[PDB]
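This report refers to the structure that appears directly beneath it.
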């Protein structure tokens with residue numbers, strides 16, 4: 056598998072992630088901002104979406120924290136909450152894996 | 189649509 060499913064729609068990402076554990080996620084091309092990515096993340100009761108923005112140096116960010124690559128952004132949010140309303144960490148393996 | 193980190 057892969058984190059990255061560029062062609063998945065927002066609703067398709069919701070459907071896929073409803074079948075996954077909290078913190079599982081997919082990175083897709085944004086429908087609203089076509090040259091950018093969106094990260095969809097399974098929360099406890101639903102799936103929420105984050106826009107991956109770019110600064111004038113080409114860094115990637117969600118909030119204020121900047122990263123030179125999507126990979127570094129993902130790895131940061133394994134340890135730090137991606138959500139400001141709840142504590143949610145990105146995950147991509149089950150506990151049994 | 190709606191994104192959690194959309195701010196002005």
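Protein chains in written order, with the deposited numbering: chain A, 56 to 152; chain B, 189 to 196.
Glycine is no exception: its CB is placed at the ideal position from the N, C-alpha and C atoms.
Whose C-alpha, out of the options, is nearest the C-alpha of residue i?
i, options, result
"residue 196 (chain B)", "A:122, A:108, A:145, A:127", "A:108"
"residue 192 (chain B)", "A:112, A:57, A:102", "A:102"
"residue 124 (chain A)", "A:135, A:134, A:112", "A:112"
"residue 104 (chain A)", "A:58, A:141, A:65", "A:65"
"residue 85 (chain A)", "A:59, A:98, A:71", "A:59"
"residue 190 (chain B)", "A:71, A:95, A:146, A:90", "A:95"
Using the Cα positions of residue i and residue j, report the straight-line distance between them to the nearest angstrom.
i, j, result
"residue 114 (chain A)", "residue 120 (chain A)", "10 Å"
"residue 127 (chain A)", "residue 100 (chain A)", "27 Å"
"residue 132 (chain A)", "residue 144 (chain A)", "6 Å"
"residue 74 (chain A)", "residue 68 (chain A)", "10 Å"
"residue 92 (chain A)", "residue 138 (chain A)", "17 Å"
"residue 136 (chain A)", "residue 62 (chain A)", "26 Å"
Note the first and the last residue of the continuous alpha helix (DSSP H) segment covering residue i.
i, result
"residue 108 (chain A)", "Premise fails: residue 108 (chain A) lies in the beta strand (DSSP E), 102-109, not in any alpha helix (DSSP H)."
"residue 129 (chain A)", "125-134"
"residue 65 (chain A)", "65-73"
Terminal residues of the continuous beta strand (DSSP E) containing residue i?
i, result
"residue 92 (chain A)", "92-97"
"residue 81 (chain A)", "80-84"
Step through the CB atoms of chain D and report whether any lies within less than 9 Å of the CB of residue i.
i, result
"residue 63 (chain A)", "Structure shown: chain D not included; protein chains present are A and B."
At a cut of 8 Å, does the segment 144-151 of chain A reach the segment 106-121 of chain A through at least three beta carbon pairs?
no
Short of 7 Å Cβ to Cβ, which residues in the segment 96-113 of chain A face chain B?
103, 104, 105, 106
Residues of the segment 109-143 of chain A with a CB closer than 8 Å to any CB of chain B: list them in chain order, please.
117, 118, 138, 139, 140
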